[PDB]
Structures are given as C-alpha cells and as structure tokens.
C-alpha cells in the first residue's frame, strides 16, 4: 500500500535521529500512524525493514551510475563514472547508512554485509567489468580487475569520507573536477601501456 512508504520514511527518520537499535518497532508504528499488526504484516522485523531500506537505496544509487562504455573514450568513460561516484557521496545516503550501521558496534553483521555488497562492492564490480573490457582491448594493463577498480575509486575518493564526516568538505563542481582529474591522471600513469 501507500502506508508501506509512509512507514519507510518514518523509520528512516528515526534511524538517523536515534540509531537502529535505539529505534523500536513501537516508535515506528506510532510515527507512521499504524497498528503494530499492520506494521508487522508489511515487515516481519526491524531487521527486515532496514534491509528493504538498504536494498532500495542501493539499487537506486546503482542506476544513477553510468555503465561505462569504451566507445565513449577510455578517459571520458572513467571521468564520467568518477563524477557520478562522487556526486553520490555528497548527495546520497551512503555516509548516513555507514554511520547508522557503525553505531551498532558489530551486532548486525548480516545487515552490515548486505549494505557493503549492495552498495560499495556493487560499484566496484560494475567498474571492474568495464576495466576487463579495457584490458581485453589492450588499452590498460593490470592483474585483477576488482583490485584495479578499487584502486581507481580509492584514488578519486581519497580523503573525502573523513572530511565529510568532520564537516569540512565543501566541494564546488570545479573542486570535484580537479579531484577526479588528479586521480585519473595517476590511475592512467600506472595502467596505460608503454
């Protein structure tokens, strides 16, 4: 129903205000204006609710990432993928999610891994498949595509998660282009043949 989404938005609000364990299914029901019966019918448990929230946001973020195409040019394809990757830190729920899960002090490993595999690791895999294509075409060289994808993302991302968390990141579109161009230049120094 339309209640499912109202519940979702109400739960998100509380998880972010208070944390996951500090939010009760009781509080969620009240904030969404439904009976516990209704709530538990749509979601078997708090853990199931948060899982839905995770998969939904992560599938969403993933379709805002381009599928990079070699036909667009090696540099432009990476540059574009990088640009979308960084816009998603700054303007999406990834840091929030990590904050919420980290605050659980390791007591929900299944959710923690679900987030990891649905978001960050998924991003790595998509990029990796592009990097396989580039290696097959002899325009990059490296031993493992996932390792290389992760290196590219580490370079481009750099230090920003920390800066964001400290509340010091203020990134104009121009400052982002510079971040990307530095990371890419380096990535290509290491992986382009000569």
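Residue numbers count along the first chain shown, from 1.
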query = In the PDB record, does 117 to 125 or 67 to 75 carry the higher mean Cα temperature factor?
reply = 67 to 75
ask   = Comparing 38 to 46 with 152 to 160, which stretch shows the greater average C-alpha B-factor in the deposited entry?
value = 38 to 46
inquiry  = So if I compare the CA B-factors in the entry for 32, 131, 51, 165, which one is the largest?
reply    = 32
Residue 27, C-alpha B-factor rank within chain (lowest, middle or highest third) = middle
task = Would you mind checking where the Cα B-factor of residue 139 ranks among the modelled residues of its chain, as the lowest, middle or highest third?
result = highest
key: Assigned third (lowest, middle, highest) for the C-alpha B factor of residue 171   = highest
Residue 102 CA temperature factor, ranked by third within the chain = lowest
inquiry  = Can you tell me whether residue 55 has a C-alpha B-factor in the lowest, middle or highest third compared with the other modelled residues of the same chain?
reply    = middle
